Amino acid sequence: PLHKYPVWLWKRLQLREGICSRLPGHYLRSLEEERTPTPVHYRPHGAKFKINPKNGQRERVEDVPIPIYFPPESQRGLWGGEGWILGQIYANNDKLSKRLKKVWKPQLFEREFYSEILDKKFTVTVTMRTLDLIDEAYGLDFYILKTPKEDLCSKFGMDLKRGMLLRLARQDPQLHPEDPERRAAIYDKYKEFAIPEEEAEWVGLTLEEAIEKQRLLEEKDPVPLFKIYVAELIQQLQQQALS
Amino acid sequence: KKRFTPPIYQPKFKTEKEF
Amino acid sequence: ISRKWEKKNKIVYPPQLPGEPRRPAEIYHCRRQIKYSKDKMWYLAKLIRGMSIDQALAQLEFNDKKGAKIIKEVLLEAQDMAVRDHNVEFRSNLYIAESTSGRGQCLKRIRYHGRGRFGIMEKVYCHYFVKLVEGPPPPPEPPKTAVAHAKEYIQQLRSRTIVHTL
Amino acid sequence: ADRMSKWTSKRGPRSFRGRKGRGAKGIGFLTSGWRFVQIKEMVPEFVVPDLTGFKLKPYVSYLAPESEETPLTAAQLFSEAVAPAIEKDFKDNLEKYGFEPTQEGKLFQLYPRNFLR
Amino acid sequence: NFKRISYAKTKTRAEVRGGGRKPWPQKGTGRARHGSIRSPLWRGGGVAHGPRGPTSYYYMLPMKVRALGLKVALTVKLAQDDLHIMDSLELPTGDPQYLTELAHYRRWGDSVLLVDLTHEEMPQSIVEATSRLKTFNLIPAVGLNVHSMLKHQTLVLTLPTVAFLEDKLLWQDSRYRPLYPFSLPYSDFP
Amino acid sequence: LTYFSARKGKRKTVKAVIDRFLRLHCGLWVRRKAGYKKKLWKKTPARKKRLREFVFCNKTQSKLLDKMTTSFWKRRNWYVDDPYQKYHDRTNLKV
Amino acid sequence: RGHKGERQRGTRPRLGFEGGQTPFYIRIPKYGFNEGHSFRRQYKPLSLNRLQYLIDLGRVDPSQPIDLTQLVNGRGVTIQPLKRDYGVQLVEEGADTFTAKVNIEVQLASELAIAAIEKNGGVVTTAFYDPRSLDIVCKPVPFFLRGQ
Amino acid sequence: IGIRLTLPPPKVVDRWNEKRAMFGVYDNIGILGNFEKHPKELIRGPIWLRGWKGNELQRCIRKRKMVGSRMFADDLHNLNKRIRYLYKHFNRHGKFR
RNA sequence: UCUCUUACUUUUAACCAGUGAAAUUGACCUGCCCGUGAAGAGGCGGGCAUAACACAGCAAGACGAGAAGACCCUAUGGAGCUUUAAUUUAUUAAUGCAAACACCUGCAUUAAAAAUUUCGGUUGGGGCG
RNA sequence: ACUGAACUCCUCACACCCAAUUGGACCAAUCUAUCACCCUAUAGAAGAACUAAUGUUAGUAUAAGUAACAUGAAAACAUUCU
RNA sequence: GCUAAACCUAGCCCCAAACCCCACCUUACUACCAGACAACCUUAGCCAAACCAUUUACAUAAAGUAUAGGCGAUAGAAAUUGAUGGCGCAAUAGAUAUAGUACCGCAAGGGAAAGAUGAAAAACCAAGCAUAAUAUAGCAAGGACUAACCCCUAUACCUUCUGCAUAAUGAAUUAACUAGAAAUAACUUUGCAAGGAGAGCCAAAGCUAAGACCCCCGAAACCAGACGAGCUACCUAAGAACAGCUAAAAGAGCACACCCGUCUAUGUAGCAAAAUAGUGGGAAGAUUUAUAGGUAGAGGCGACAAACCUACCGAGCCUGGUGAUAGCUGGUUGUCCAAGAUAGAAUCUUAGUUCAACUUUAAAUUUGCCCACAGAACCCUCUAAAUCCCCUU
Ligand SMILES: Nc1nc2c(ncn2[C@@H]2O[C@H](COP(=O)(O)OP(=O)(O)OP(=O)(O)O)[C@@H](O)[C@H]2O)c(=O)[nH]1
Ligand SMILES: [Mg+2]
Ligand SMILES: [Mg+2]
Ligand SMILES: [Mg+2]
Ligand SMILES: [Mg+2]
Ligand SMILES: [Mg+2]
Ligand SMILES: [Mg+2]
Ligand SMILES: [Mg+2]
Ligand SMILES: [Mg+2]
Ligand SMILES: [Mg+2]
Ligand SMILES: [Mg+2]
Ligand SMILES: [Mg+2]
Ligand SMILES: [Mg+2]
Ligand SMILES: [Mg+2]
Ligand SMILES: [Mg+2]
Ligand SMILES: [Mg+2]
Ligand SMILES: [Mg+2]
Ligand SMILES: [Mg+2]
Ligand SMILES: [Mg+2]
Ligand SMILES: [Mg+2]
Ligand SMILES: [Mg+2]
Ligand SMILES: [Mg+2]
Ligand SMILES: [Mg+2]
Ligand SMILES: [Mg+2]
Ligand SMILES: [Mg+2]
Ligand SMILES: [Mg+2]
Ligand SMILES: [Mg+2]
Ligand SMILES: [Mg+2]
Ligand SMILES: [Mg+2]
Ligand SMILES: [Mg+2]
Ligand SMILES: [Mg+2]
Ligand SMILES: [Mg+2]
Ligand SMILES: [Mg+2]
Ligand SMILES: [Mg+2]
Ligand SMILES: [Mg+2]
Ligand SMILES: [Mg+2]
Ligand SMILES: [Mg+2]
Ligand SMILES: [Mg+2]
Ligand SMILES: [Mg+2]
Ligand SMILES: [Mg+2]
Ligand SMILES: [Mg+2]
Ligand SMILES: [Mg+2]
């Protein structure tokens with residue numbers, strides 16, 4: 001027989017059914033949205049159309065992203081959307097020669113970064129691309145807050161983003177205590193990225209983590225039916241007394 | 001090279017059947 | 001499976017007219033699923049075929065084959081039922097008109113051979129059938145004499161025609 | 001070579017046969033020298049009542065009226081046990097009426113159940 | 001045929017369960033060579049050339065040919081005196097007995113195909129009469145077809161149905177070759 | 001060739017034929033003579049003139065090319081200024 | 001099916017294979033016979049004979065401006081924009097016997113065709129239509145149903 | 001002995017049940033209804049071969065294209081293998097080439 | 001051992017009783033000689049012989065059973081192994097240059113290790129020539 | 001002189017003797033549509049026809065009642081003896 | 001008259017619609033003690049390219065077009081367009097299924113068979129034989145005949161082949177099952193007609209629709225992922241055995257148990273898928289052996305024998321790709337009629353294929369064959385049967 005739904009919609013159906021249904025709307029929308037990551041290992045085409053020299057005709061051109069393998073060690077660091085390229089090459093760069101499996105790995109450096117919002121020093125395995133992105137953003141905090149998930153490509157990066165966003169939303173006095181002027185200066189500097197604490201809490205949570213968080217939020221020891229029946233009986237007796 | 005073809009055993013039910 | 005031999009005893013003939021020869025009684029009996037090869041039973045059946053009941057019993061009592069005892073039991077049962085139910089006046093006045101052995105329902109077994117090879121044994125079973133006809137056994141067909149033999153030859157000579165002509 | 005037969009203590013070498021049991025609940029522990037220390041509190045104590053004078057024979061007379069089945073419910077138990085006192089004291093702290101905030105501190109805790117049968 | 005979709009299917013030797021291993025080696029066994037116990041030769045094996053999947057027999061005759069076939073059917077009925085025109089299908093009563101008796105009296109066939117202009121407006125009397133009958137079949141004009149016209153011995157038409165059929169079937173004559181499907185707007189086509 | 005493409009189930013065209021032969025709508029296939037650009041220094045003027053000519057094909061070669069190309073390549077093409085426009089039909093041909 | 005060999009087994013080589021000899025369709029040099037064939041513009045011919053026939057039969061009304069839409073509606077020409085057709089070209093064929101006075105707009109026109117049209121008192125203009133506009137004008141109703 | 005010894009139970013066919021009686025009705029829905037509906041729209045059956053016909057390879061390709069994502073795992077594997085085999089057979093085997 | 005074999009016992013064996021396979025098998029109403037022939041006849045031609053059947057031995061034939069010959073050739077069929085066969089260095093080890101301020105990464109070069117694939121045809125069988 | 005073919009004549013009738021391949025006329029059975037109603041007809045379909053693949057499954061033969069197999073002796077069937 | 005024969009429904013196939021008490025991860029199905037250990041990483045190969053090495057597919061229309069491609073085998077878009085059951089099976093069929101059971105394998109894994117009474121059971125036909133053994137002689141029949149045989153004639157069938165009774169292949173036999181799938185273009189028949197078609201496509205009588213042509217089984221292989229060191233190779237832990245005699249702390253001698261397997265006989269579907277009897281080597285050591293564990297196939301282990309790795313290791317087994325591929329072998333099933341044997345070329349090609357030639361069918365047209373003179377070279381002194389050409393006939 002045939003499944004009622006295509007197999008590729010089963011994950012979405014599971015999202016719509018169950019505790020995933022009780023998950024907050026903004027988090028579900030963030031999971032659904034699939035904005036394409038910034039090109040890292042390929043040069044994107046300048047325009048949507050190109051005059052092909054072979055016949056001098058305007059033909060549509062599409063940017064096909066190169067698949068990137070992110071080893072689990074990357075999720076503990078900050079690689080600027082960079083990862084292993086697992087592909088193949090033609091020996092001596094001629095298609096009539098042998099084809100060989102080639103893995104291009106990024107150059108990883110151990111560096112120390114200071115987060116003004118977190119006021120903490122993080123030692124992170126990083127790529128020169130990530131360093132350049134940090135320089136462009138004018139700081140680790142700016143880089144984390146500006147970069148979306150799909151370009152940040154790091155669970156640790158998203159956790160840092162959640163921490164920064166939560167501190168921004170709460171205006172935490174724990175940021176540089178006994179220095180309210182400095183704390184206010186930092187929060188004003190990173191003001192534009194502030195979002196409601198409710199959303200900031202769920203920012204950067206995997207689906208399993210969100211499920212666990214929702215389960216812990218909605219776990220309530222059953223109320224003894226003694227209390228429910230007592231309340232009902234008291235209400236009924238109140239009605240009888242009034243009428 | 002040595003050539004040996006292993007004996008093939010028929011299923012046992014065929015023999016064990018009874019009235 | 002077929003069981004027509006048993007039914008053959010249930011046929012009822014219409015009453016015979018007074019001016020009609022007395023129909024000799026016929027009794028069909030059989031034994032089914034005898035643990036014995038039909039080929040081996042055939043020899044006993046042929047032996048007792050055409051003889052009187054008493055002579056058949058006498059031969060079987062002293063034959064050594066296992067099937068001899070079974071056939072003797074079947075014949076004794078046939079005699080008893082012929083006297084009791086089929087209105088046969090005298091026990092001894094019966095002769096074996098028909099006696100044959102039929103294949104029974106056999107079982108297949110495995111015989112193990114030397115090199116992991118095998119054969120298919122057959123636990124052979126056989127049936128046994130008898131018809132007992134009342135009256136003295138029919139006389140054995142006498143061998144044809146030289147006189148009748150020459151008579152047949154002369155008849156063959158006389159039957160000759162001029163073949164392939166008017 | 002037998003996979004379809006149940007795994008029991010009757011199968012296996014001496015160690016297997018000794019180690020596997022038959023479902024009997026443990027009664028104590030083992031100390032040095034394989035000496036078995038049996039704990040009295042771990043032995044179930046059959047609380048058999050006094051049947052003298054009991055008027056309920058195992059069977060019921062066939063000349064007995066038939067009544068509809070009314071499975072006891074939490075609401076029914078509350079109505080038959082707590083509702084009268086609640087009404088009286090309402091006309092005139094739920095522990096007084098009977099509610100127990102926590103099962104801890106009881107010999108017979110309803111949940112998690114800690115008593116047999 | 002065009003509606004036909006045969007749902008007959010058989011498992012080929014690739015779809016029969018099992019049959020992966022070679023039953024026995026090529027040589028030395030003294031038996032025939034085989035590569036799986038599910039080849040078509042084996043009992044319980046696949047079917048070499050059997051019906052495959054749900055197969056469609058769909059094909060469309062030219063609409064001109066189909067209209068001409070309708071015309072030919074009508075002419076055959078008229079020539080053989082099986083066509084009966086009516087002013088309307090209104091009956092004095094809804095009793096199927098009346099309709100059957102009337103057909104028998106008028107010497108109609110054992111089977112009558114009554115046609116009315118539109119489904120919605122068909123008289124209640126004839127609807128009731130023909131709902132209970134098996135050989136008297138009431139259809140709207142849009143449902144007229146050669147197969148049913150041939151299956152039913154006599155064909156009863158109303159005057160509005162006659163005009164409808166004449167217009168629809170004659171339009172095919174003198175229509176252009178289509179520029180696009182006639183469901184789309186045309187300068188003069190309803 | 002591919003009698004049934006795995007993606008469309010259609011018949012495919014051998015593009016090697018398209019790169020070499022011209023089909024006239026009449027059913028004739030035009031071609032260039034092999035070696036017309038090779039070793040011209042050792043070929044005589046008559047041979048070069050023969051090789052520089054556009055040539056037709058056998059009936060069997062034409063049938064092979066028709067089989068190897070799909071119906072799209074046998075259509076009627078009204079190009080703007082086709083140098084072979086006049087050759088797309090036969091005139092005064094008996095059988 | 002024959003006897004043994006590849007033919008009976010149903011495994012004979014592909015079409016165009018010559019048994020290993022360099023095939024005919026591969027020993028011939030490549031020549032740009034069909035280069036850009038899909039980018040060459042094509043114009044359906046509309047002979048003056050055809051135009052006069054249409055006018056005589058009333059399928060094309062000469063009292064109103066004649067253009068590609070009117071020709072298609074009268075079924076005088078069949079345009080296939082998907083097949084690189086860029087419109088209609090007037091053709092001198094039938095010029096000597098052309099008599100209708102018409103205002104026709106086409107995409108190409110021969111000198112003799114223009115001469116005939118203008119001699120008979122009509123007017124002819126060559127109008128360009130890019131593929132999209134050509135499709136729309138040839139089949140306006142489907143475009144109007146597209147809702148664009 | 002592959003012949004039955006008794007007549008099979010009589011097969012009675014009602015030639016005038018509803019299905020047979022109304023068979024063919026609305027086959028001319030198009031020509032007799034202003035072409036609002038094409039007759040192929042009267043075809044009830046598998047989604048991938050409604051108003052369409054083709055050989056086995058084409059049918060398999062269409063099934064995979066149209067309902068492939070909704071097919072069961074082993075059925076889809078069987079369909080892929082069948083398409084592969086049919087491709088090889090039709091494009092590499094046969095009397096004519 | 002043999003000249004040179006003999007005697008006896010047991011097993012097997014043969015007969016009686018019970019149980020009861022296997023390869024094999026186109027059908028067989030299944031002879032000898034000469035000749036013939038797809039090149040060695042029970043079956044064909046010319047002769048000869050010729051009631052019917054059991055049982056026990058024999059191994060000259062049924063080109064006897066057995067294994068779709070492991071010999072030989074062929075196949076644009078395989079696979080194992082060796083290389084100084086073709087194509088590679090994806091992989092490791094080195095170096096050199098970049099990158100970073102030894103490790104890691106990228107690019108090259110050299111080795112080790114291997115990986116994929118092939119091993120033409122005619123031919124008085126194949127090889128050599 | 002005669003014997004002597006499927007050559008030829010004679011009486012009647014004539015499509016009625018080449019492998020691969022090719023053309024054609026029929027057609028068994030099944031189902032569907034209409035007929036028919038002690039076995040059918042006109043059509044549409046197709047898992048549509050088996051003296052042969054060391055073919056597959058099942059039955060039964062042949063080899064064959066053959067090769068092979070088994071239980072120490074007497075007896076009261078207690079027991080004893082070898 | 002025995003074996004038996006049949007039987008109709010158990011179910012199944014394709015679609016539509018619709019989204020779907022207790023015990024048990026330790027040795028699973030085991031009440032009850034300090035953990036810490038945690039997942040992600042390109043498919044490959046067969047096969048096609050007639051080898052192989054780059055390469056080789058995994059709604060409609062545009063379009064098999066643009067493009068890609070040892071530019072070759074083949075691969076191949078997009079813009080744009082608009083989108084209610086059964087001419088099914090009916091117990092060798094249909095699911096493997098009465099069941100993933102029995103059974104087989106250490107494991108992964110493989111994987112069956114079959115049943116039929118009646119409203120109520122509280123009621124004639126396959127093979128094989130038997131009835132009934134057989135008579136000179138012979139493909140077992142045919143012509144016959146008064147007559148079964150006797151007389152005369154007759155070298156089973158299929159496949160393969162130049163050619164088979166062939167002492168070439170297959171076949172014991174009955175029943176059941178078991179093997180021609182489709183485009184292009186043509187041909188026939190309709191419809192309409194300079195237009196046809198129910199968008200797209202074709203069109204210089206075309207277009208639309210239909211009819212009608214393309215088999216089955218078989219390798220050694222290759223790759224991927226599992227499963228295997230209860231046998232065996234080696235190793236790890238901790239055990240055990242080694243009488244007696246001679247000698248003396250011995251990889252010592254004789255010789256039990258024990259290990260092995262030299263030679264012979266038997267056996268060779270065996271007792272045994274490697275045994276028995278005798279004979280023989282070692283038997284305190286580099287010995288033998290019970291137990292548990294380890295090394296896993298691009299591998300392991302090896303006192304190298306290409307040994308051994310669960311009976312078949314030049315590289316295991318299972319599953320999957322896989323219906324691998326096979327120019328090679330075998331098979332390829334109703335009746336009847338007709339035509340039908342034929343030069344060569346190229347080819348990693350001579351076991352094949354493409355073209356030609358021949359053959360077949362349909363159609364158009366007019367010459368086709370036979371052949372009178374006349375005519376077709378000297379070299380070469382002579383030098384043939386003939387041929388070519390060719391009106392008439
Ligand atoms: N094609 C097809 N139609 C089916 C199938 N099962 C049911 N139907 C149809 O479903 C319709 C309703 O079936 P019923 O059983 O009468 O009613 P129902 O239970 O309400 O139907 P469902 O809602 O479909 O379950 C009828 O037209 C059936 O023929 C099926 O497997 N295939
Ligand atoms: Mg054994
Ligand atoms: Mg037997
Ligand atoms: Mg399989
Ligand atoms: Mg195979
Ligand atoms: Mg099946
Ligand atoms: Mg053959
Ligand atoms: Mg050949
Ligand atoms: Mg070559
Ligand atoms: Mg005996
Ligand atoms: Mg001889
Ligand atoms: Mg003898
Ligand atoms: Mg012989
Ligand atoms: Mg010999
Ligand atoms: Mg032999
Ligand atoms: Mg051989
Ligand atoms: Mg050799
Ligand atoms: Mg090779
Ligand atoms: Mg004569
Ligand atoms: Mg019929
Ligand atoms: Mg068949
Ligand atoms: Mg048969
Ligand atoms: Mg057979
Ligand atoms: Mg016997
Ligand atoms: Mg014998
Ligand atoms: Mg014996
Ligand atoms: Mg290849
Ligand atoms: Mg091939
Ligand atoms: Mg698109
Ligand atoms: Mg079954
Ligand atoms: Mg019989
Ligand atoms: Mg032979
Ligand atoms: Mg041979
Ligand atoms: Mg044989
Ligand atoms: Mg071990
Ligand atoms: Mg000692
Ligand atoms: Mg020693
Ligand atoms: Mg060596
Ligand atoms: Mg060696
Ligand atoms: Mg093994
Ligand atoms: Mg094959
Ligand atoms: Mg002939």
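Note that these values count all heavy atoms, side chains included, but never hydrogens, waters or copies made by symmetry. Proteins get letters first, then strands, A, B, ... in listed order; numbering begins at 1 in each.
For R76(F), the salt bridge (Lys or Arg N to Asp or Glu O under 4.0 Å) test picks out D89(F), with sequence neighbours left out.
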Below 3.5 angstrom, are there any donor-acceptor pairs between chain F and chain H, and if so, which atoms and how far apart?
unit_1, atom_1, unit_2, atom_2, d
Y3(F), N, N91(H), OD1, 2.7
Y3(F), OH, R97(H), O, 3.4
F4(F), N, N91(H), OD1, 2.9
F4(F), O, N91(H), ND2, 3.0
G9(F), O, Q58(H), NE2, 3.1

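Around atom OH of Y84(F), more than 12 heavy atoms belonging to other residues, nucleotides or ligands sit under 6.0 Å away. Remark: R75(F) CZ is packed, more than 12 non-hydrogen atoms of other residues, nucleotides or ligands lying under 6.0 Å away.
Proximity to chain F (any heavy atom under 4.5 Å) is restricted, for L57(H), to the side chain, taken from C-beta onward.
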